[PDB]
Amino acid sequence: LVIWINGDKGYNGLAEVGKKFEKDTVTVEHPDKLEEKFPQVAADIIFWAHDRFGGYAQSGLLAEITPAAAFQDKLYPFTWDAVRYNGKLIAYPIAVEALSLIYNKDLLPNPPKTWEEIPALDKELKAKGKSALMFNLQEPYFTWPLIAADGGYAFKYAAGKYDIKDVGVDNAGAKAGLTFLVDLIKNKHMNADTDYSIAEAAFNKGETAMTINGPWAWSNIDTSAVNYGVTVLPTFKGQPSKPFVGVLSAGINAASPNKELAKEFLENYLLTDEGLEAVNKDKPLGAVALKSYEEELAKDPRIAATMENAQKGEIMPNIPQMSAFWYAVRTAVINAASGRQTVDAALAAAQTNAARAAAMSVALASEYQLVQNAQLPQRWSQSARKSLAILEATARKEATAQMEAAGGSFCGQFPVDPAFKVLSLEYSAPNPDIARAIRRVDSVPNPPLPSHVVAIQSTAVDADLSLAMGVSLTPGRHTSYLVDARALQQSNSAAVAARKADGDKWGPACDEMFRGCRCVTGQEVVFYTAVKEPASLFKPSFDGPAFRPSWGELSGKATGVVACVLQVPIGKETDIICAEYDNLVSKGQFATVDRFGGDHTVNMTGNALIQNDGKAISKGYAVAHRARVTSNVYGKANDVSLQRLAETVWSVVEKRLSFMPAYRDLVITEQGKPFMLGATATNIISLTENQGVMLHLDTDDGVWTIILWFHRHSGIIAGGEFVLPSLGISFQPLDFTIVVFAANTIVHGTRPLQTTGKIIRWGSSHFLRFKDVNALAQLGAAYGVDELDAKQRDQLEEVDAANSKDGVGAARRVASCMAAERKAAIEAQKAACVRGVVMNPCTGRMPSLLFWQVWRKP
């Protein structure tokens, strides 16, 4: 029973209830952004507003609650309606919150019962130098109660489901309400500038007679000198104003052992007057869903008003398409306050757009399911498998005779012997080409493979997986592995634990996992994970088409490619890649940053969009933007350089991994292609110089990431191993080692290194950072793709002029103003569902893996 709750609630009082529970037969925590973390991380009770829980129910991450009908009598009926998705109770209600009318008793002993009285009161109070009303007009959450009083709704509700095609923005009731709000602004009774902080400051300072706020504000008003009351929201045209109602709710996740135990704790250890009172003592709960305790609290007039307005209002829809509703209505109110549209114009356009975006979002969810379940172009067959197995077994004989003749196995000039683990190694730089791995210096006996990872012995199995997964490693000279998926997830967590435990660095616990990693230096390998058919981390569709594997242990499982290590023979391609890194470094095109605190120093290039730079309106880091304008030879030179670097590396990988192009084609949108680096799935490229990196999962990158290494100057490197602790392996990069791995789902790092001589190990990742490609596809939509270079040229000149006239603080004013315009442009395209990549709508990230292949052997 580990219960999550938001940090700003009463956790210590809940801990009291849980102590009183643990006795008769637990740990409450406050993780940052719980509402984003819980959606990704479920694969435990959770305390959060019901509106997210509807999305968790479409996501199946919440246990159906089965409360007794006598228990359901203990709480209010509308609270249970807030937690029932598709006719199934998704959680237990706790608290009820909604906006109320807050008023200063010394200016206003009798607050107005109707909105229509307010204009008359403002006249009088303006004569005294004060005002009738000040509330946040910037967010529709606050303005909607007035708008919807006379009719008008978000999405129509019937049969326990919201019709996303039936929006109520344009209804006559909504038109009258928005009209009354704008009339108040025109007569200077309110000013369309008024935000949360302004209105809060003006009320708590006695400068206005009323504001509109929820219970969170009560705590702040209590510190002021204001004698205030809290009452029902004014009626509009004799109608109750309808504030949205949020029910703080406790839910149980479908990935939980303790389900009937947790159900017992919630029913008769917290949802009691004793338990809710202990929490209310810690932090104020507001109104309560339990009828017994709500009658106690409502003795407080402020609490009675909160439940009053909550019952007079509408329960906030728990569907994700409410985001569309919110963006369209936010724009309608803003425009109709600033006279940028008529009330009737702004509500008509918001009705249209909100319904449009709700439609596209449901369409996008179904398109995403096809992405996740997509299959590689079928090249597997039993005949193909057999003929490929003959070719592989033959290449194994050819490779064995080549090893007898040469006296050992070799990667470039480096002696490969998997009996030894290479702890330090020497590189020679005989000439101006890349430094070459020549000698193993320090070693230990090579630790065995961990029990969850198996080397595939059969050439037939090697062929099965090669054809079905789109992997063709160097024939006769590779090792394929199979990793159980449950144990892979266990070990990923064990590795993150060790890193945390060490102080977010390489320390003893990370070193302990490393000591049991097996060396695959010099080797070319692929690790396939296998998912047993349920009868969590990864999401294979077991309804997909099934192949008959030759090995029975695959039957009833799905396979996917989590990691592959390549050894690139030095030649034309390594010359091209290394030359581009040298060109970009020499030309000052890398943006030096610190990563993971001060874990390491990385250099970045590629098609970033650093929104933090306000003048940034085109692809590239800020040096790139400048180079296109200031060059006196060719403005696109660095872009040609970046495209060739990404395409040469991509091509090298593609030859061995035929699924990579398939993945690129599957996840990059038409709108995203111009902002990828050439015809690859790479938009950002890193570069490290002799850096270790701590063990981590990359969360906001693509499905598969590429890392490559190369060397300059002679010397000796100790440490610097690349480690994949959940696959139970590590390796020293040699002449030109590349790893392609699923970084969303595979913990990885790089041990610290110590060097002798001038030797430099250059590490570089080629990855897909989806935020930059999405924002750039959005900028392209709003302004035109080919117009961004011209806009970026104008913004650089405008800022440089400002600096050279009025000082740097003028220049900063200009940059911040450009950021707001860029931001608004992006937000509009974002609201129209413009994306550069396809993303999981549930997780807000790219899928965990792709191209799952189901195997069955009847």
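For the two forms, the rigid core is made up of the largest set of C-alpha atoms that agree within 1.5 Å on superposition. One-based numbering along the sequence shown.
Fitting each structure in 4 other deposited structures of this protein onto the rigid core and averaging C-alpha distances over structures and residues, 13-21 emerges as the more displaced of 833-841 and 13-21. The stretch that moves more in 4 other deposited structures of this protein, judged by CA deviation after a rigid core superposition and choosing between 451-459 and 262-270, is 262-270. Among the other PDB entries of this protein that were compared and that flank it with modelled residues, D599 is left unmodelled in a third or more. The modelled chain breaks after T25 and resumes at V26, leaving 1 to 3 residues of the deposited sequence without coordinates. The entry shows a gap from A535 to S536, with 4 to 9 unmodelled residues of the deposited sequence in between. As recorded in the PDB entry, 383-391 is the stretch of 383-391 and 605-613 with the greater mean C-alpha temperature factor. When 217-225 is weighed against 561-569, 217-225 comes out higher, by mean CA B-factor as recorded in the entry. The top Cα temperature factor in the record, among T479, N683, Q369, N253, falls on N253. Among the modelled residues of its chain, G719 has a C-alpha B-factor that falls in the lowest third, as given in the PDB entry. Among the modelled residues of the chain, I826 sits in the middle third by CA temperature factor in this PDB entry. Sort the chain's modelled residues by C-alpha temperature factor and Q792 lands in the lowest third, per the entry. Ranked by C-alpha B-factor against the other modelled residues of its chain, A15 falls in the highest third. When the modelled residues of the chain are ordered by their C-alpha B factor, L184 lands in the highest third.
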